[PDB]
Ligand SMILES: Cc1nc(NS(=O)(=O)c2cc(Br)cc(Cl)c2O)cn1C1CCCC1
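Quick setup: one chain, the form deposited without the named molecule, written in structure tokens, and binding and motion questions come after.
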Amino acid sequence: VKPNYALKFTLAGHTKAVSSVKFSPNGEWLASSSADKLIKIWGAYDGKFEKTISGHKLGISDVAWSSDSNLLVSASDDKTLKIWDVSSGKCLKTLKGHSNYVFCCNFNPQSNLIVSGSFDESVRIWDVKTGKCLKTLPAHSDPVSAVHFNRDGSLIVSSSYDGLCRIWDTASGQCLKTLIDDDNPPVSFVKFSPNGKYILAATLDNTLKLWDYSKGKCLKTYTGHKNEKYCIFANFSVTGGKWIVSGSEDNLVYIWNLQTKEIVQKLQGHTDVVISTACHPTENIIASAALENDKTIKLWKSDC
């Protein structure tokens, strides 16, 4: 069995590269961040432009939703993150502290905390209610490419060009584990599986890997695509069949069978690097976004 994703909508509006797309937890919206300094909100089902959210002084590399779908947090070249009230489009807090581009961000499931990763080589943990930085982790020795909380918020996983994936205790700030597979290619993305037991990691040698966190062992590798230069988002698709979904530098969305590691679909349409993919939380819907020669977001839908 293989999925049958087909192009449904193309969302045009950003005037520079799109950097990241994410579906709201309640399934109603898609948020996109862009090098054009804007966040845009679109209807998840109809692809309809809802609104533009502005305030950052420079382009934005990542955006993420709170668990109740009411807030967004954005990560910008202007060295700040901003927490936004989605309904009003207003900036509630500006999180200041990083000393170089902020590259990645995420809320914990409780959504009382935000974690951020930066080109300043640190990971920061922020109090959402007060806007205060709780911890500054000296996490890596090169830019931090991804940060993500596990299912109960007790752990944070980070990745870096230094070739490491590290797992941190949210409460104590202690580094609990370092994962590396003998060779040290730059790690460009990392994310916990929905059950918290695995970590999916991308490295800049055209390779994705599924790690068992507890055993600290690589279990599966996914290959065939192109990833040498960019920090591309990958996903666990779980609404239908169990797939791995990723962008690629040859302008395609790749879908692998999680268990067999076989490529099952390659989605054509984008005209530049697909930097970001996202999966709808309840329906078989994928969002993809591409870099500056393309500037569009695409919504793809499937029966399984």
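In case it trips you up, residue 1 is the first one in the sequence shown, and so on.
Absent from the display: the form solved in complex with the named molecule. The rest refers to it.
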Given that the partner is absent here, does residue 29 sit within 4.5 Å of the named molecule in the deposited complex, heavy atoms only?
-> no
At the 4.5 Å heavy atom threshold, is residue 42 in contact with the named molecule in the deposited complex?
-> no
Residue 237 near the named molecule in the deposited complex, any heavy atom under 4.5 Å?
-> yes
4.5 Å heavy atom contact, residue 70 to the named molecule in the deposited complex = no
Which of 166-174, 108-116, 195-203, 124-132 sits within 4.5 Å of the named molecule in the deposited complex, heavy atom basis | 195-203
179, 155, 86, 210 - the one with a heavy atom within 4.5 Å of the named molecule in the deposited complex | 210
Selected contact from 48, 242, 51, 266, since only one has a non-hydrogen atom within 4.5 angstroms of the named molecule in the deposited complex | 242
